[PDB]
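Single-structure report; data block below.
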Amino acid sequence: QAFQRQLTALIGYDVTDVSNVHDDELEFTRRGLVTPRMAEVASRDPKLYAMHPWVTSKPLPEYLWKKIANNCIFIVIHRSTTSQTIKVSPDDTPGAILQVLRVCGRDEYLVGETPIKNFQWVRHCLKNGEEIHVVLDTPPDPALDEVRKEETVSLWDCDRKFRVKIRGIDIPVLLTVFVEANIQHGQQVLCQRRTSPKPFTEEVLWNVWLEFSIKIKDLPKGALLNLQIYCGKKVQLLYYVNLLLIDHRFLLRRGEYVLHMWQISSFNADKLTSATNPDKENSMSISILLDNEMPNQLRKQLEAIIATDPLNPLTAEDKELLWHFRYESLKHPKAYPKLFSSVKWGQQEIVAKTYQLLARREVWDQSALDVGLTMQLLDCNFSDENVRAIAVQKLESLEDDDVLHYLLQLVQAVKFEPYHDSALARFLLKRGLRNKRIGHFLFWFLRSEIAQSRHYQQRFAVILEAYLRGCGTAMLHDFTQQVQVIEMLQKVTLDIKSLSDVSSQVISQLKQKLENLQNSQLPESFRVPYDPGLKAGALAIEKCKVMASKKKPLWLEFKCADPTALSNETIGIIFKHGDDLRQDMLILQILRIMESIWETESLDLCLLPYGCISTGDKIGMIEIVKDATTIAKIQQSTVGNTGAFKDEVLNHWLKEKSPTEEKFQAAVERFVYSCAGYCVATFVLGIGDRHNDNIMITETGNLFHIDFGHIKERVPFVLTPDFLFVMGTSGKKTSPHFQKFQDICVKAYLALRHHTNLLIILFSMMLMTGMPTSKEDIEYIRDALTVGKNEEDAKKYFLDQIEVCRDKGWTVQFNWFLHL
Ligand SMILES: Cc1ncccc1-c1nc2c(Cl)cccc2cc1[C@H](C)Nc1ncnc2[nH]cnc12
């Protein structure tokens with residue numbers, strides 16, 4: 001039982017607790033997840049698990065090939081104080097041809113049957129212009145990863161109409177009010193019934209049967225009884241709660257329920273949860289009782305429909321066509337979301353035909369994996385397990401590198417699962433247990449939601465517990481260490497915040513508190529949650545500070561615990577309270593996806609998606625990007641504390657940080673690319689109009705936006721005169737670098753548009769699961785990606801945007817200044 005107490009603290013929630021359930025679905029899931037855990041445990045190669053090689057099968061891009069010399073990769077190998085360099089061909093395997101080679105300063109290994117060109121660490125060095133420093137080391141013992149040993153009427157024979165008794169609602173404290181009861185499947189309301197309005201007192205009783213038109217034999221599995229409370233005095237939603245009509249054992253839900261409801265403040269994933277509100281003492285409750293072959297024009301119309309984006313709404317006509325031409329639609333994997341949205345789920349014979357249809361998915365099974373298409377099947381529009389499972393079926397072929405690219409949003413998509421035990425939850429379980437890097441991030445992503453989502457903490461806790469019981473003792477200790485450190489640091493972060501430029505007493509107290517944590521509480525070393533390779537050590541109390549800001553975040557710097565670390569660079573972590581860093585995580589992850597897209601078209605845009613992990617309610621950690629300052633500061637340094645800005649200061653800031661001409665122009669080139677990435681990426685994501693104290697530049701030219709979890713003459717993005725002066729453009733001219741900037745944006749924008757469907761789905765999912773949203777909010781990226789339009793035309797559009805900034809110059813940057 002002591003092991004369970006550890007799990008609870010690691011998880012941040014008590015999975016054995018049953019104080020907020022009305023059935024045993026959670027416990028059933030615990031027991032259900034035992035098998036796929038042990039299958040993965042018993043199957044993983046202990047030695048490859050222990051070393052967790054971070055590897056990709058993608059080609060090395062054109063931008064990384066043209067950085068090689070005569071098919072030669074230099075790899076410095078170390079012993080104790082040995083440093084002997086080797087000539088290696090890209091195709092050389094480490095655990096054979098290089099003769100375990102751990103990376104210097106990192107928990108990262110160049111091992112296994114893949115060439116060195118295909119290790120992400122090696123590609124990381126090639127990109128930045130660094131060298132491959134490895135250390136001959138003993139392999140880490142797989143015994144350390146050891147895992148603690150463990151231990152009657154049919155539904156389709158029931159033509160009776162479904163009914164639910166609304167006994168009444170009850171609220172301790174506090175105009176009229178009524179109950180709406182929807183049978184839902186996906187976001188689709190199948191059947192809706194309301195009560196009569198009554199006066200809104202602390203108790204309202206109806207004692208009324210709501211008889212629905214849908215038959216019990218017609219309720220599809222995963223149908224939700226969605227109970228909602230509205231008020232008049234033109235109504236308004238005030239509370240909601242859901243109840244699965246068919247439970248986890250395929251039994252029709254039967255009997256008395258007192259469901260504690262959620263309060264409002266709309267596609268928001270929280271609306272879909274089957275979790276009841278656990279705050280029984282303040283929350284509105286509701287009491288219920290359940291006691292129960294084609295023509296040519298048609299082909300072209302069908303093809304036009306199949307070709308539209310995931311946010312083009314299907315008409316009744318559209319759906320009827322897809323459904324009638326079911327089998328022709330089944331030949332086109334891109335049709336699948338629309339076809340399955342053309343299914344009348346409230347009709348048992350249609351669902352049966354849909355299931356027949358699903359048994360003929362040769363073309364789907366044979367199709368190359370499209371993540372975009374696959375993600376759409378995992379969104380809120382699909383509640384059927386068999387549809388959703390063909391989505392997860394395709395995810396199974398993702399190599400680990402790609403799982404990590406999509407992990408955050410795969411974890412978020414668990415929120416769209418009807419049941420706690422799902423093919424998706426088990427896929428994430430499986431892939432996390434097969435790979436320590438996936439498992440590490442799975443821990444934190446799951447934990448991020450467990451700590452601040454009442455709506456989904458129970459589900460995620462069960463999944464996280466199931467992961468933890470298979471990750472192996474080493475990772476348990478390891479995770480335990482990390483949680484203890486962030487709890488210590490979050491405490492210091494919050495305490496300093498209460499004590500409010502940063503005054504004398506603040507700078508005094510912080511450093512004492514850091515010195516007090518250092519001397520007793522803090523461990524020898526711990527893993528950096530956002531960069532599991534890096535192990536942090538002792539604080540550099542010297543270098544730690546608090547921002548002259550209203551949120552008063554902590555800038556912390558640590559020593560690297562790893563003696564074999566080559567640099568002297570500290571590990572920098574910002575701890576901040578006040579911002580919802582879930583939104584940042586999501587945006588930063590989409591920026592990583594955008595980078596991998598660009599990579600497929602051999603385009604680098606040098607984005608800087610810095611590490612960020614939400615650890616709790618409005619709280620978390622941000623990776624310190626070293627040698628960087630804000631653009632706003634670069635203007636204040638030369639111009640003044642509070643004044644509007646001059647065009648030359650950024651370029652002449654860049655100049656004064658660049659030592660040689662070789663490294664300066666590099667900075668300017670790096671900046672042209674960087675500026676282009678963020679102009680395209682922020683435009684697409686609709687977060688481009690930012691005050692320049694939320695844009696940053698490195699000493700080596702790399703522009704990057706920060707502080708995403710925030711967001712009248714406007715601007716599509718930020719391409720200010722100071723950015724344009726670095727390119728060399730005095731108001732209305734055209735430099736060589738600017739035409740190249742214009743060049744790069746266009747190719748980047750068109751590159752994103754080639755994955756339009758993927759981006760639309762990730763943007764939709766982002767809004768639904770991390771931004772508490774409307775259809776019109778979601779439909780921004782359609783316009784941003786100029787859906788339906790041609791290359792030439794989308795290119796004009798984007799150039800027109802580049803010029804909108806030019807027309808405005810400084811007006812919005814300055815209009816912020818006044819506001820702020
Ligand atoms: C580094 C910096 N330069 C100029 C202006 C502000 C900052 C800065 N200072 C901070 C302090 Cl003193 C404490 C806590 C957080 C701070 C954040 C910043 C800047 C605004 N942001 C970042 N600075 C460095 N790395 C980052 N990664 C993500 N965001 C950043």
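Each ligand, and each atom within it, is numbered from 1 in the order the structure gives. Values below: every heavy atom of this structure, side chains too, minus hydrogens, waters and symmetry copies. Numbering of residues begins at 1 and proceeds along the displayed sequence.
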Which residue and heavy atom of the protein sit nearest atom 6 (C) of ligand 1, plus the separation: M547 CE, 3.9 Å
Which part of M696 is near ligand 1, with near meaning a heavy atom under 4.0 Å away: side chain, backbone, both or neither? side chain
Region of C612 engaging ligand 1 - heavy atom pairs below 4.0 Å: neither
Roughly how far, to the nearest 0.5 Å, is CG of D604 from NZ of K127? 6.5 Å
Using heavy atoms and a 4.0 Å limit, tell me yes or no: is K626 in contact with ligand 1? no
For the residue pair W555 and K543, what are the closest heavy atoms and their distance? CD1-O, 3.4 Å
If you have a sec, work out which protein heavy atom is nearest atom 4 (C) of ligand 1 and how many Å separate them, to one decimal? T629 OG1, 3.6 Å
Residue and atom name of the nearest protein heavy atom (relative to atom 25 (N) of ligand 1), distance in Å to one decimal: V625 N, 2.9 Å
Judged on heavy-atom distance to atom 9 (N) of ligand 1, which of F708, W555, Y610 sits nearest? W555
For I624, the atoms of ligand 1 under 4.0 Å from one of its heavy atoms are 25 (N)
Verify side chain to side chain donor-acceptor pair (under 3.5 Å) between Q412 and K415, making sure each step is shown before the conclusion. CA-CA 6 Å; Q412 291 303 312; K415 296 183 176 167; 2.8 Å; yes
I'd like to check which ligand 1 atoms, numbered from 1 as shown, lie under 4.0 Å from a non-hydrogen atom of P553. 13 (C), 14 (C), 15 (C)
Quick check on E656: does its CD atom have over 12 non-hydrogen neighbours (other residues, nucleotides or ligands) under 6.0 Å away? yes
So if I count the atoms of ligand 1 from 1 in the order they appear, which ones are less than 4.0 Å from some heavy atom of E623? 25 (N), 26 (C), 27 (N), 28 (C)
Got the closest protein heavy atom to atom 29 (N) of ligand 1, with its distance? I706 CG2, 3.6 Å
Can you tell which of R102, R527, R106 makes a salt bridge (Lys or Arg N to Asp or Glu O under 4.0 Å) with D562? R102
Shortest protein heavy-atom distance from atom 17 (C) of ligand 1, along with the residue and atom involved: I574 CD1, 3.5 Å
What protein heavy atom sits nearest atom 28 (C) of ligand 1, and how far away is it? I622 CG2, 3.2 Å
As an exercise, identify every atom of ligand 1 less than 4.0 angstrom from a heavy atom of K545. 12 (Cl)
Treating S448 as the side-chain partner and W444 as the backbone partner, does any N or O pair qualify as donor plus acceptor under 3.5 Å? no
Name the orientation class of the two ring planes belonging to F817 and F645 (parallel below 30°, tilted from 30 to 60°, perpendicular beyond 60°). perpendicular
CZ of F460 to CD of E449: how many Å apart, nearest 0.5 Å? 5.0 Å
Could you tell me the separation between the CG atom of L758 and the CZ atom of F763, rounded to the nearest 0.5 Å? 13.5 Å
Got more than 12 heavy atoms from elsewhere within 6.0 Å of CD, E130? yes
Distance to 0.1 Å, residue and atom name: give those for the protein heavy atom nearest to atom 5 (C) of ligand 1. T630 CG2, 3.8 Å
